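S.K.: Dropping the structure in here first, questions after.
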Amino acid sequence: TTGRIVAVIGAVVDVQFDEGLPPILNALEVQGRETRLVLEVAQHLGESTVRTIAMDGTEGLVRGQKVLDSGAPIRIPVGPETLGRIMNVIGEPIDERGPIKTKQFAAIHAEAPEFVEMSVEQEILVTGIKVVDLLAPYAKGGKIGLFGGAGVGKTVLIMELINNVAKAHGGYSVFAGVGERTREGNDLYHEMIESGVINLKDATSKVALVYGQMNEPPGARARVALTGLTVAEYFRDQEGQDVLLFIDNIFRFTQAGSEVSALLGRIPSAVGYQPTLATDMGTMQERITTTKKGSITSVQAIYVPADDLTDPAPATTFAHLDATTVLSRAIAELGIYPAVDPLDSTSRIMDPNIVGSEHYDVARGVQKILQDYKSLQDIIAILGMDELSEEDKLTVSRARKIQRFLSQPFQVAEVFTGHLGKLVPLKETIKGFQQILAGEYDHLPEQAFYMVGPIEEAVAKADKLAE
Amino acid sequence: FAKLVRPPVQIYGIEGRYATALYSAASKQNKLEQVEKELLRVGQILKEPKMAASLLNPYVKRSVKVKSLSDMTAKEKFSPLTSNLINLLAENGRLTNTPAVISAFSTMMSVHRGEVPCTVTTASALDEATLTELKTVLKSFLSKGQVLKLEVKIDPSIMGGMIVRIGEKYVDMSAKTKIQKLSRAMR
Amino acid sequence: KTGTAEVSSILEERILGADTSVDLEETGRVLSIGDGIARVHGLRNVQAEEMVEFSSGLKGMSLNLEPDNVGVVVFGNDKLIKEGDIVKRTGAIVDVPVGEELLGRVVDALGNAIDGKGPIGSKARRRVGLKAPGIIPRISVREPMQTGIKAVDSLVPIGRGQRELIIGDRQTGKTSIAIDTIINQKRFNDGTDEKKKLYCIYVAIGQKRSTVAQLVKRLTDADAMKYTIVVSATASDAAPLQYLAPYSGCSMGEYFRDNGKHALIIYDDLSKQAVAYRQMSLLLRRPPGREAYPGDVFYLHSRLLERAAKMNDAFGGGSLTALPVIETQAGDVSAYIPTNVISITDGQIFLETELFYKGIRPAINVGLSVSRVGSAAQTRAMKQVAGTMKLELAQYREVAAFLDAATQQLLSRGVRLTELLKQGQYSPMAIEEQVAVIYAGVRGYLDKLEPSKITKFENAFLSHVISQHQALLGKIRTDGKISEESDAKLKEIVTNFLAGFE
Amino acid sequence: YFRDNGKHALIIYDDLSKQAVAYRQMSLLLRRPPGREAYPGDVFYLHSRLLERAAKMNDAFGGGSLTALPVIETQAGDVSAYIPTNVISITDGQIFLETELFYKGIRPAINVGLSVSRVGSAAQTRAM
Ligand SMILES: Nc1ncnc2c1ncn2[C@@H]1O[C@H](COP(=O)(O)OP(=O)(O)OP(=O)(O)O)[C@@H](O)[C@H]1O
Ligand SMILES: Nc1ncnc2c1ncn2[C@@H]1O[C@H](COP(=O)(O)OP(=O)(O)O)[C@@H](O)[C@H]1O
Ligand SMILES: [Mg+2]
């Protein structure tokens, strides 16, 4: 069916079909362009006319051009051949490597898993990172949230999570770049090519990048997280495996939604956000869950505008987060990498009903000792080490040892430190910390633990540097 | 809803919607020409002082106006389409702009039979042999079948030459614009 | 100006008289679906708030009966609706199935089971847009609704028919209190006396569907599902469903209230209903107000929380408690909605977040938590104990701002009591064990225990009395009050147990 | 033109918070729906599709370049207003200027605490 354009108001087109309208969310191809312009219906205005939001620049459109209705919502290729590729919102590769030859196609607008599908057991995703898997465990099919700014090792942590999940759980990953600066998009592409998660030679890549640039019209920055979700839903459903999904950033998702809502004329809500803020976030955060076929974990970067944790966007996101990972700069000066802060990083599953009593007691002990050391830090700074008894200096020594032991050498970060990547399993982390707390290693120099994997390697390092 | 046949030209607003509805309904049943005849008739029938006075007062109950229109449309013996349209306009309260409707419909029928508007604004008075050559040359712009409806206009306000409009296509060879163009170029 | 039924596709039908063929008194055609509302043309015989059914199997209700075209809110995703679709009446104000054929089922906001266990084979359909009981049917709140939580039962007692309010910042222990209250009714629901059995309803509004699934699994893990309904309009569900969910639940509960039985409905949570309603309004162009909430976001809750009444013997003696949950923002209990709901309910339960960080779980903040009506409805044993526990904590809270041995004594008492008031999770204790432990605490016997050790004492104590002294607890429960001889016993048992605890 | 002709350019918009105002007028008069602070919904697309032309082409497309130094005026250090945050989330840095520093005598009044550059160590000579 072929309709005709009848209005082009900014980035909102209005098409006048006659024979039969397309149901909302169908993708229409605008005939007569050279770059593929794709509109997406958003309303029916009566009189066989539909108000479509355009997914690309709408300069040069002529009242009367022919718009051909595809039939189903925006469709993308979702095979395993979408791995190591970059593709914009509509599924067209932008890596200048050719077509994404796949036999499957998936619509980006698919409803969330039904209630029967949902899995009722809250598991724990073993990331292989000591601090993360100990104090702020990541949950399968849980929406983690990664705070912290730039310069603190966020891209490195993303690449490490990708690599560790690809090795341990044998599950691929995705990266939906909502509103992703073009410069940083290129830098991330080349960082992955370096670290080796993407591989241009053999088709053994572990990431399926997806970029909705920061300059693409607002209607095509809201529907990029959905593209990532579909590429990952293929791996969960059609291959039954765990998956990651990084949405950098998840404030620009709400920003794009707000701009689209304003364009469609809808009254703005509380703080200028769209009236459908909560449901727009829900119908996208509700496909990130653990069904019985597989699971889609998700590590979503969060920007908190003006440090307002009440602001409707970071207040609507936090209603879904199942974790947190507050990368901090103050912990990067010490060199403890990853910079993950241990006292801010929350997690909803850090409860002895889920992780287990041993895990919970160990993690709570680590938190308490670190809090006590942070407090004694003030007394030492003000008055001096003399002011403390040994009942406190022992906790100080243990706390310094723990702060050291939380640092880990990532595999992708070999270029920086040279050390080898250590994928310490969960049990080894638990034993190491349970023992460092039991005083069993109060004599080894702190630098025994700095940048090691298990505790046994810390013992070996102490022996080496002690001779 | 039921498929409807679009007009050749699009008119917009209230009159646009009503004229489009009437034209599509008339194309079915093929009553276009007699529909236009009846539209012209209602044109005058809605200009008699009593009718044009009772169809402006808003204190005449709506049903009263509808019934008076029905009675008048029995005497004039209109087609079912035109009587239904007059009724429709009556009870929607939009009869105050009936002249807008029919006028639009005329523009909808003119293009249907293919009589493209034209116009020739002249520097001053014009001969009629010159008008003959003008028509015979403008017919060179139409498509195969169209007809020319040229409305000449005298204009001494321009300096020389002429301004020719054909549908939209607008060709300006008046000496006035040449003078301002030259002054612009050499300034 | 212009019209909305003044479209070509309609004026054509009307001009050539074709409308005689298509029914308009009992069937309409969607003029335009957009912004989650459908302008529908026809349906001349549609009653306001009727429940019309689209041609895609969807269902909506007619809000605006504008003179030329109805306006219909679609209970679902309008993705499925297209201009031109045919909408059919149903001749029934929007209503929902009710009965005891729903117990143990999960149903979406409209009564359609979503646990894949077959249709809800019910017979009665009750409206959702009903009125609340008038002035006369009600009487005071007399029976107690045993929460199973030490703090709630001791210091913030809840009656039956009393609208409580679990209000507090997110991730604080609201859903946990609701689940404890829903699991603690298992003991009462395994007898014969209909005067005790309490049937629970849990409405999950704008709440992650994984969370509701885990909640249902956790309930069935404790056979606390044989007597619970779970209405579920989660985050994904279109706003109109999140809007109806509380009314569907409240109607499924009124069915019990009107038939001499006692129910207990937990809205989790009304703030997300209010957000969904604000969306529904702002998409209908209605004017915004304070925080953009419509003017009537108070006649949205009141007409819902006023049905949680306590009928009197004349009408059946039924009941319907209600424990609406509210998620204040950072710390503001003066915002629009927290205040709009604090003035509709008969109580409050403030779950402070600082307390929750400091390990005092449940985080129930006392002093800011009241139950204006629950005092008249409280087992006299728990009254004999609370009458002094509240006093001791009140004295403690004054001396908590800073000593002679008087204030040291008061601090010791307060710390011991608060350390008692902690509790696990999904481990509700019958009222007899509550009176035992709270008595052994208030009467000073725990003054000679290191604060941290109370957290253990309690545990052990329970076991020692759950086995050895069944008879004493039986007497306390049956008599409802600590008889002087029962006091003498409790005293000697606590002394003997304390002797050799260490 | 320079950038894609293998040359190096540098473009300084001054201000951009007046292009945004001009566009707001153009829109409000065309009757397009307004938004926060009355700016339309495009006042991000507006700037973004501008400040994203500042590139550094590779050596196959010429090796050209185009820096960009959009100047923004903030009403009394209100960096949280609409346009300042719209244009702070598009660019790779910010050189914050303050008037407490301008009158203490620290001229140019740059405020190294808030000023950052997200290329950082790179974009300097080994000496510097
Ligand atoms: N009495 C308790 N003892 C120990 N832990 C508790 C207690 N109550 C709640 N928690 C813990 O607090 C965390 C959050 O609790 P809860 O599920 O009540 O959140 P909430 O208050 O309902 O807010 P949300 O709506 O975000 O869930 C859970 O991990 C739970 O285990
Ligand atoms: N495991 C690590 N070991 C040593 N250095 C690290 C580690 N992780 C991050 N870093 C340092 O942090 C910086 C992070 O930069 P990059 O990941 O490119 O962007 P961002 O600073 O936003 O994370 C790197 O330059 C690196 O020197
Ligand atoms: Mg909750």
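In the structure tokens, chains take letters A, B, ... by order of appearance, with residues numbered from 1 within each chain and ligands from 1 in the order shown.
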Using only C-alpha atoms, determine which residues lie at most 9 Å from residue 441 in chain A, disregarding the query and same-chain residues fewer than 4 positions distant; provide the list as a PyMOL selection string.
M.R.: chain A and resi 398+401+435-437+445+459
S.K.: Taking only C-alpha atoms and all ligand atoms and a cut-off of 9 Å, can you tell me which residues surround ligand 1, written as a JSON list (two decimals) with N, CA, C and O atoms, in the first residue's frame?
M.R.:
```
[["chain", "number", "residue", "atom", "x", "y", "z"],
["A", 318, "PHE", "N", 15.32, 4.32, 38.59],
["A", 318, "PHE", "CA", 15.67, 3.59, 39.79],
["A", 318, "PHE", "C", 14.58, 2.64, 40.23],
["A", 318, "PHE", "O", 14.85, 1.74, 41.03],
["A", 319, "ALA", "N", 13.36, 2.81, 39.75],
["A", 319, "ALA", "CA", 12.31, 1.86, 40.09],
["A", 319, "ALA", "C", 12.53, 0.52, 39.42],
["A", 319, "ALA", "O", 11.81, -0.43, 39.74],
["A", 320, "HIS", "N", 13.49, 0.43, 38.51],
["A", 320, "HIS", "CA", 13.79, -0.81, 37.82],
["A", 320, "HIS", "C", 15.16, -1.38, 38.16],
["A", 320, "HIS", "O", 15.33, -2.59, 38.09],
["A", 347, "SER", "N", 23.06, -3.45, 46.05],
["A", 347, "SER", "CA", 22.47, -4.50, 45.23],
["A", 347, "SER", "C", 21.27, -5.11, 45.93],
["A", 347, "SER", "O", 21.35, -5.47, 47.11],
["A", 348, "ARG", "N", 20.16, -5.25, 45.21],
["A", 348, "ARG", "CA", 18.94, -5.75, 45.83],
["A", 348, "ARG", "C", 19.05, -7.21, 46.23],
["A", 348, "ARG", "O", 18.35, -7.63, 47.16],
["A", 349, "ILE", "N", 19.89, -8.00, 45.57],
["A", 349, "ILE", "CA", 19.99, -9.42, 45.89],
["A", 349, "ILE", "C", 21.00, -9.71, 46.97],
["A", 349, "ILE", "O", 21.21, -10.88, 47.32],
["A", 350, "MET", "N", 21.65, -8.69, 47.53],
["A", 350, "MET", "CA", 22.59, -8.89, 48.62],
["A", 350, "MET", "C", 21.80, -9.19, 49.89],
["A", 350, "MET", "O", 21.75, -8.42, 50.84],
["A", 351, "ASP", "N", 21.14, -10.35, 49.87],
["A", 351, "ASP", "CA", 20.31, -10.80, 50.96],
["A", 351, "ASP", "C", 20.56, -12.28, 51.19],
["A", 351, "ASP", "O", 20.62, -13.05, 50.22],
["A", 352, "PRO", "N", 20.70, -12.71, 52.44],
["A", 352, "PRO", "CA", 21.11, -14.10, 52.69],
["A", 352, "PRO", "C", 20.11, -15.13, 52.21],
["A", 352, "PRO", "O", 20.43, -16.32, 52.23],
["A", 353, "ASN", "N", 18.91, -14.72, 51.80],
["A", 353, "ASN", "CA", 17.98, -15.68, 51.22],
["A", 353, "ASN", "C", 18.38, -16.07, 49.80],
["A", 353, "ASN", "O", 17.97, -17.13, 49.33],
["A", 354, "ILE", "N", 19.18, -15.25, 49.13],
["A", 354, "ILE", "CA", 19.50, -15.44, 47.72],
["A", 354, "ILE", "C", 20.96, -15.86, 47.54],
["A", 354, "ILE", "O", 21.24, -16.94, 47.02],
["C", 168, "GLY", "N", 6.72, 5.22, 52.62],
["C", 168, "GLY", "CA", 8.13, 5.37, 52.87],
["C", 168, "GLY", "C", 8.99, 5.21, 51.64],
["C", 168, "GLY", "O", 8.61, 4.51, 50.71],
["C", 169, "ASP", "N", 10.17, 5.82, 51.66],
["C", 169, "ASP", "CA", 11.03, 5.87, 50.48],
["C", 169, "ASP", "C", 11.23, 4.48, 49.91],
["C", 169, "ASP", "O", 11.03, 3.49, 50.60],
["C", 170, "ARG", "N", 11.62, 4.40, 48.64],
["C", 170, "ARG", "CA", 11.70, 3.11, 47.97],
["C", 170, "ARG", "C", 12.80, 2.25, 48.58],
["C", 170, "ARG", "O", 13.75, 2.74, 49.18],
["C", 171, "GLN", "N", 12.65, 0.94, 48.40],
["C", 171, "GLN", "CA", 13.56, -0.05, 48.97],
["C", 171, "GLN", "C", 13.70, 0.17, 50.47],
["C", 171, "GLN", "O", 14.78, 0.46, 50.98],
["C", 172, "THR", "N", 12.59, 0.02, 51.17],
["C", 172, "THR", "CA", 12.58, 0.24, 52.61],
["C", 172, "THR", "C", 11.90, -0.86, 53.40],
["C", 172, "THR", "O", 12.19, -1.00, 54.59],
["C", 173, "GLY", "N", 11.05, -1.67, 52.79],
["C", 173, "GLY", "CA", 10.40, -2.73, 53.53],
["C", 173, "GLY", "C", 8.89, -2.61, 53.53],
["C", 173, "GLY", "O", 8.24, -2.98, 54.51],
["C", 174, "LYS", "N", 8.33, -2.09, 52.45],
["C", 174, "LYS", "CA", 6.88, -1.98, 52.34],
["C", 174, "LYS", "C", 6.28, -3.28, 51.81],
["C", 174, "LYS", "O", 5.42, -3.89, 52.45],
["C", 175, "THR", "N", 6.72, -3.71, 50.63],
["C", 175, "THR", "CA", 6.28, -5.00, 50.14],
["C", 175, "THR", "C", 6.55, -6.10, 51.15],
["C", 175, "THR", "O", 5.77, -7.05, 51.25],
["C", 176, "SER", "N", 7.63, -5.99, 51.92],
["C", 176, "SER", "CA", 7.93, -7.00, 52.92],
["C", 176, "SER", "C", 6.88, -7.03, 54.02],
["C", 176, "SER", "O", 6.46, -8.11, 54.46],
["C", 177, "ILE", "N", 6.44, -5.86, 54.48],
["C", 177, "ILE", "CA", 5.39, -5.82, 55.48],
["C", 177, "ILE", "C", 4.11, -6.41, 54.92],
["C", 177, "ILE", "O", 3.37, -7.13, 55.60],
["C", 178, "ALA", "N", 3.80, -6.10, 53.66],
["C", 178, "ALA", "CA", 2.60, -6.66, 53.06],
["C", 178, "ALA", "C", 2.67, -8.18, 52.98],
["C", 178, "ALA", "O", 1.69, -8.86, 53.29],
["C", 179, "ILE", "N", 3.82, -8.72, 52.59],
["C", 179, "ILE", "CA", 3.93, -10.17, 52.48],
["C", 179, "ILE", "C", 3.86, -10.82, 53.86],
["C", 179, "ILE", "O", 3.30, -11.91, 54.01],
["C", 207, "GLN", "N", 4.42, -2.31, 38.84],
["C", 207, "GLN", "CA", 5.48, -3.02, 39.53],
["C", 207, "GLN", "C", 6.06, -4.10, 38.62],
["C", 207, "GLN", "O", 5.31, -4.85, 38.00],
["C", 211, "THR", "N", 9.09, -9.14, 39.60],
["C", 211, "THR", "CA", 8.85, -9.04, 41.04],
["C", 211, "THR", "C", 7.53, -9.69, 41.42],
["C", 211, "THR", "O", 7.46, -10.40, 42.43],
["C", 268, "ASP", "N", -0.20, -1.83, 45.91],
["C", 268, "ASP", "CA", 1.25, -1.73, 45.85],
["C", 268, "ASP", "C", 1.61, -1.25, 44.45],
["C", 268, "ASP", "O", 1.89, -2.08, 43.59],
["C", 269, "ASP", "N", 1.60, 0.05, 44.20],
["C", 269, "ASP", "CA", 1.26, 1.08, 45.17],
["C", 269, "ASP", "C", 0.48, 2.21, 44.53],
["C", 269, "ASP", "O", 0.54, 2.41, 43.33],
["C", 325, "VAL", "N", 0.13, 1.32, 49.77],
["C", 325, "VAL", "CA", 1.55, 1.59, 49.86],
["C", 325, "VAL", "C", 1.83, 2.87, 49.10],
["C", 325, "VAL", "O", 1.15, 3.19, 48.13],
["C", 326, "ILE", "N", 2.80, 3.64, 49.58],
["C", 326, "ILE", "CA", 3.18, 4.89, 48.94],
["C", 326, "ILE", "C", 4.70, 5.03, 49.00],
["C", 326, "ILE", "O", 5.32, 4.77, 50.04],
["C", 327, "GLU", "N", 5.28, 5.46, 47.90],
["C", 327, "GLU", "CA", 6.72, 5.64, 47.77],
["C", 327, "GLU", "C", 7.01, 7.13, 47.74],
["C", 327, "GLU", "O", 7.06, 7.74, 46.67],
["C", 351, "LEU", "N", 8.15, 4.24, 57.19],
["C", 351, "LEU", "CA", 9.34, 3.39, 57.12],
["C", 351, "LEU", "C", 10.51, 4.30, 56.78],
["C", 351, "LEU", "O", 10.81, 4.54, 55.61],
["C", 356, "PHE", "N", 16.60, 1.99, 58.20],
["C", 356, "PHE", "CA", 16.81, 0.80, 57.38],
["C", 356, "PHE", "C", 18.28, 0.60, 57.07],
["C", 356, "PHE", "O", 18.77, -0.53, 57.06],
["C", 359, "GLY", "N", 20.30, -0.95, 59.94],
["C", 359, "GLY", "CA", 20.05, -2.33, 60.29],
["C", 359, "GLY", "C", 18.81, -2.58, 61.12],
["C", 359, "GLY", "O", 18.60, -3.71, 61.55],
["C", 360, "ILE", "N", 17.99, -1.56, 61.36],
["C", 360, "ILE", "CA", 16.77, -1.73, 62.15],
["C", 360, "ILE", "C", 15.66, -2.10, 61.16],
["C", 360, "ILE", "O", 14.91, -1.25, 60.70],
["C", 361, "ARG", "N", 15.57, -3.38, 60.84],
["C", 361, "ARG", "CA", 14.60, -3.88, 59.88],
["C", 361, "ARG", "C", 13.61, -4.79, 60.60],
["C", 361, "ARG", "O", 14.03, -5.79, 61.20],
["C", 362, "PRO", "N", 12.29, -4.51, 60.58],
["C", 362, "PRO", "CA", 11.58, -3.48, 59.83],
["C", 362, "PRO", "C", 12.00, -2.09, 60.24],
["C", 362, "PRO", "O", 12.41, -1.89, 61.38],
["C", 363, "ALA", "N", 11.91, -1.14, 59.31],
["C", 363, "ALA", "CA", 12.37, 0.22, 59.54],
["C", 363, "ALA", "C", 11.29, 1.10, 60.13],
["C", 363, "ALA", "O", 11.44, 2.32, 60.12],
["C", 422, "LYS", "N", 13.37, -5.50, 66.15],
["C", 422, "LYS", "CA", 13.82, -6.03, 64.87],
["C", 422, "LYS", "C", 13.13, -7.36, 64.61],
["C", 422, "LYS", "O", 12.49, -7.95, 65.48],
["C", 423, "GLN", "N", 13.24, -7.83, 63.37],
["C", 423, "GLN", "CA", 12.59, -9.08, 63.00],
["C", 423, "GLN", "C", 13.14, -9.53, 61.66],
["C", 423, "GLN", "O", 13.69, -8.74, 60.89],
["C", 424, "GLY", "N", 12.98, -10.82, 61.39],
["C", 424, "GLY", "CA", 13.50, -11.39, 60.17],
["C", 424, "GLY", "C", 12.63, -11.01, 59.00],
["C", 424, "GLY", "O", 12.19, -9.87, 58.90],
["C", 425, "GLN", "N", 12.38, -11.95, 58.10],
["C", 425, "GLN", "CA", 11.55, -11.69, 56.93],
["C", 425, "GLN", "C", 10.79, -12.96, 56.58],
["C", 425, "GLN", "O", 11.34, -14.06, 56.63],
["C", 426, "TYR", "N", 9.51, -12.79, 56.24],
["C", 426, "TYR", "CA", 8.64, -13.93, 55.97],
["C", 426, "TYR", "C", 8.59, -14.88, 57.16],
["C", 426, "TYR", "O", 8.39, -16.08, 57.01],
["C", 427, "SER", "N", 8.78, -14.33, 58.36],
["C", 427, "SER", "CA", 8.74, -15.10, 59.60],
["C", 427, "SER", "C", 7.84, -14.37, 60.59],
["C", 427, "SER", "O", 8.31, -13.82, 61.59]]
```
S.K.: If we count only C-alpha atoms, which residues of chain A reach to within 9 Å of chain C? Please list them as a PyMOL selection string.
M.R.: chain A and resi 21-25+42-48+111-112+114-116+118-122+266-271+274-286+289-290+309-310+315+319-320+348
S.K.: Step one, run DSSP on the backbone; step two, keep only residues of chain D assigned to strand (DSSP E or B); then write them as a PyMOL selection string.
M.R.: chain D and resi 8-11+14+65-68+71+93-94+97+110+116-117
S.K.: Could you write out that same residue set with C-alpha atoms as a PDB file, in the first residue's frame?
M.R.:
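Writing done, so here's out-v5.pdb:
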```pdb
ATOM      1  CA  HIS D   8      42.615  22.332   9.203  1.00  0.00           C
ATOM      2  CA  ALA D   9      39.917  24.767  10.278  1.00  0.00           C
ATOM      3  CA  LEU D  10      38.505  26.175  13.504  1.00  0.00           C
ATOM      4  CA  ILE D  11      35.034  27.626  13.994  1.00  0.00           C
ATOM      5  CA  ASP D  14      29.404  33.201  19.688  1.00  0.00           C
ATOM      6  CA  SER D  65      39.839  18.705  10.635  1.00  0.00           C
ATOM      7  CA  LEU D  66      37.388  21.178  12.123  1.00  0.00           C
ATOM      8  CA  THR D  67      37.595  22.241  15.754  1.00  0.00           C
ATOM      9  CA  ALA D  68      34.617  23.928  17.400  1.00  0.00           C
ATOM     10  CA  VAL D  71      30.478  30.004  23.403  1.00  0.00           C
ATOM     11  CA  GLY D  93      34.767  19.402  27.245  1.00  0.00           C
ATOM     12  CA  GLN D  94      34.112  22.748  28.840  1.00  0.00           C
ATOM     13  CA  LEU D  97      34.778  30.910  33.355  1.00  0.00           C
ATOM     14  CA  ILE D 110      39.210  29.957  33.952  1.00  0.00           C
ATOM     15  CA  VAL D 116      37.586  19.390  31.765  1.00  0.00           C
ATOM     16  CA  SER D 117      38.658  18.015  28.413  1.00  0.00           C
TER      17      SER D 117
END
```
S.K.: Using only C-alpha atoms, which residues sit within 9 Å of range 16-21 of chain D once same-chain residues fewer than 3 positions away are excluded, as a PyMOL selection string?
M.R.: chain D and resi 13+24-26+39+43+46-47+70-74+83-84+87
S.K.: What does the file look like for those residues with C-alpha atoms, as a PDB file, in the first residue's frame?
M.R.:
```pdb
ATOM      1  CA  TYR D  13      30.132  30.234  17.434  1.00  0.00           C
ATOM      2  CA  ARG D  24      12.675  29.444  19.582  1.00  0.00           C
ATOM      3  CA  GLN D  25      11.145  32.574  18.103  1.00  0.00           C
ATOM      4  CA  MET D  26      10.959  31.015  14.637  1.00  0.00           C
ATOM      5  CA  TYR D  39      12.079  25.858  23.422  1.00  0.00           C
ATOM      6  CA  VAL D  43      16.639  22.528  20.326  1.00  0.00           C
ATOM      7  CA  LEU D  46      19.418  21.725  16.385  1.00  0.00           C
ATOM      8  CA  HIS D  47      22.766  21.959  18.127  1.00  0.00           C
ATOM      9  CA  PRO D  70      30.770  27.104  20.981  1.00  0.00           C
ATOM     10  CA  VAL D  71      30.478  30.004  23.403  1.00  0.00           C
ATOM     11  CA  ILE D  72      27.635  29.686  25.916  1.00  0.00           C
ATOM     12  CA  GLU D  73      26.355  32.264  28.402  1.00  0.00           C
ATOM     13  CA  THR D  74      24.886  30.891  31.629  1.00  0.00           C
ATOM     14  CA  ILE D  83      20.502  25.106  26.709  1.00  0.00           C
ATOM     15  CA  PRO D  84      23.643  24.865  28.876  1.00  0.00           C
ATOM     16  CA  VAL D  87      25.200  21.845  24.741  1.00  0.00           C
TER      17      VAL D  87
END
```
S.K.: List every residue of range 64-266 of chain C that DSSP, applied to the backbone, labels as helix (DSSP H, G or I), and write the result as number ranges by chain.
M.R.: C: 78-80, 150-155, 174-183, 188-190, 209-221, 239-257
S.K.: Collect all residues with atoms no farther than 8 Å from ligand 2, counting only C-alpha atoms and all ligand atoms, and output them as a list in words.
M.R.: residues 149, 150, 151, 152, 153, 154, 155, 156, 157, 191, 332, 335, 336, 337, 338, 339, 407, 408, 409, 410, 413, 414, 416 and 417 of chain A
S.K.: One decimal, in Å: what's the spacing between CA of residue 33 in chain B and CA of residue 113 in chain B?
M.R.: 10.3 Å
S.K.: Give me, as number ranges by chain, all polymer residues having an atom no more than 8 Å from residue 160 in chain B, counting only C-alpha atoms and skipping those fewer than 6 positions away in the same chain.
M.R.: B: 122-124, 174-176
S.K.: Restrict the selected residues to N, CA and C atoms and save them as a PDB file, in the first residue's frame.
M.R.:
```
ATOM      1  N   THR B 122      -1.640  42.567 -18.905  1.00  0.00           N
ATOM      2  CA  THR B 122      -0.991  43.287 -19.989  1.00  0.00           C
ATOM      3  C   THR B 122      -0.557  44.677 -19.543  1.00  0.00           C
ATOM      4  N   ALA B 123       0.451  45.201 -20.243  1.00  0.00           N
ATOM      5  CA  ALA B 123       0.967  46.528 -19.921  1.00  0.00           C
ATOM      6  C   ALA B 123      -0.114  47.588 -20.063  1.00  0.00           C
ATOM      7  N   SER B 124      -0.980  47.443 -21.056  1.00  0.00           N
ATOM      8  CA  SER B 124      -2.092  48.360 -21.254  1.00  0.00           C
ATOM      9  C   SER B 124      -3.145  47.624 -22.072  1.00  0.00           C
ATOM     10  N   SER B 174       7.352  41.413 -17.706  1.00  0.00           N
ATOM     11  CA  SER B 174       6.931  42.800 -17.654  1.00  0.00           C
ATOM     12  C   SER B 174       8.170  43.668 -17.529  1.00  0.00           C
ATOM     13  N   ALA B 175       8.232  44.722 -18.339  1.00  0.00           N
ATOM     14  CA  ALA B 175       9.413  45.572 -18.342  1.00  0.00           C
ATOM     15  C   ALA B 175       9.722  46.100 -16.952  1.00  0.00           C
ATOM     16  N   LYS B 176       8.705  46.273 -16.112  1.00  0.00           N
ATOM     17  CA  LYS B 176       8.935  46.777 -14.762  1.00  0.00           C
ATOM     18  C   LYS B 176       9.930  45.900 -14.011  1.00  0.00           C
TER      19      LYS B 176
END
```
S.K.: Extract, using only C-alpha atoms, all DNA, RNA and protein residues at most 10 Å from range 157-164 of chain C, discarding same-chain residues fewer than 3 positions from it, and format them as number ranges by chain.
M.R.: C: 138-147, 150-154, 167, 198, 257, 262-266, 305-311, 318-325, 342, 344-349, 370-379, 382-383, 386
